[PDB]
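Take a look at this one chain, the form deposited in one PDB entry, written out in structure tokens.
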């Protein structure tokens, strides 16, 4: 068909032949064309997930408004994402929980059950959500504001993310990408409520390579100078993300934890404790090595699971990822895209007409 008003038609039904739209293709800063075409089914899975991400976020920008609760915003977004990705166990679905981190919090907040937080006119909210097909993950994120006082801070971070995307390429050193991002970000000065700031990158947050069912595959993309001279390689996939702040430019763990994920390297572990065994089975069936949140356990009918969840964290089977925040009173912004380092070109697979 054509897509519906509030979106409800799965991306795979909009593109009947199984061939999905490319993202932005870029020259990097024969045999390789054969090598590129050999992985076409993989690129196509990323593109299906990226078109779902494009259509979901456009819909979100149409209705997100102060006065909504954070739970209402997350549930309305995730409902649409499940429909457009055509959720099907671990073959298609949500790759990680909807981040909606506010103000000084830069990442890894999503509400748990009972959270009464309401979105305000002066809030700066980072919407970070992920889709996948067959474990091929799109990690892409943007910042929502309603007061025009944050416009230059948003522009700084968007320009820095685009600079990291342009610098990236096969054989490029990851430390060079960081230096480049920081140079652009720090070229911006902003004025918010009568105080001026030079925008600083959050130095202990980073982009990351992506692997199959593995949001963090092991290499990190720094956003300040001073990092490793490890090179980017042909065939790798990266989330190029940057964060800018008016605070210290450093985040710490804060608030209640909502995001959790099985450690990718831990094998099978026999458990006899009944509630802990049941919860690990629930995680293995529904999430595998993809991240989840407490709201997603509640939705599956689980209750009284918090001690079993703590047990799995203390065993090192699951890791907790608490919200990461700069100092009180500071403002943080984020923009992110997923890029594929194909043999013939760099594709910014999650690029849209919006950002």
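Positions refer to the first chain, counted from 1.
The protein also exists as the form deposited with a small molecule bound; that form is not presented, and the subsequent description refers to it.
Enquirer: Quick check: do 96, 321 and 336 each get a heavy atom within 4.5 Å of the small molecule in the bound PDB entry?
Expert: Every listed residue reaches the small molecule in the bound PDB entry, so yes.
Enquirer: Looking at 60, 308, 291, 317 here, can you tell me which has any non-hydrogen atom within 4.5 angstroms of the small molecule in the bound PDB entry?
Expert: Exactly one listed residue reaches within 4.5 Å, namely 291.
Enquirer: Here the chain is shown alone; which of 173, 216, 86, 166 has a heavy atom within 4.5 Å of the small molecule in the bound PDB entry?
Expert: It is 216.
Enquirer: Which is the contacting stretch out of 187-195, 274-282, 145-153, 208-216, given heavy atoms within 4.5 Å of the small molecule in the bound PDB entry?
Expert: Heavy atoms within 4.5 Å of the small molecule in the bound PDB entry occur in 208-216.
Enquirer: So in the bound PDB entry, does residue 200 come within 4.5 Å of the small molecule, heavy atom to heavy atom?
Expert: Residue 200 lies outside the contact set for the small molecule.
Enquirer: Do residue 108 and the small molecule come within 4.5 Å of each other in the bound PDB entry, heavy atoms counted?
Expert: Yes, residue 108 sits close enough to the small molecule in the bound PDB entry that at least one of its heavy atoms falls within 4.5 Å.
Enquirer: Applying a 4.5 Å heavy atom distance criterion, does residue 158 contact the small molecule in the bound PDB entry?
Expert: No - in the bound PDB entry, heavy atoms of residue 158 and the small molecule never come within 4.5 Å of each other.
Enquirer: Is residue 262 near the small molecule? Define near as a heavy atom within 4.5 Å, in the bound PDB entry.
Expert: Looking in the bound PDB entry, residue contacts with the small molecule do not include residue 262, since no heavy atom lies within 4.5 Å.
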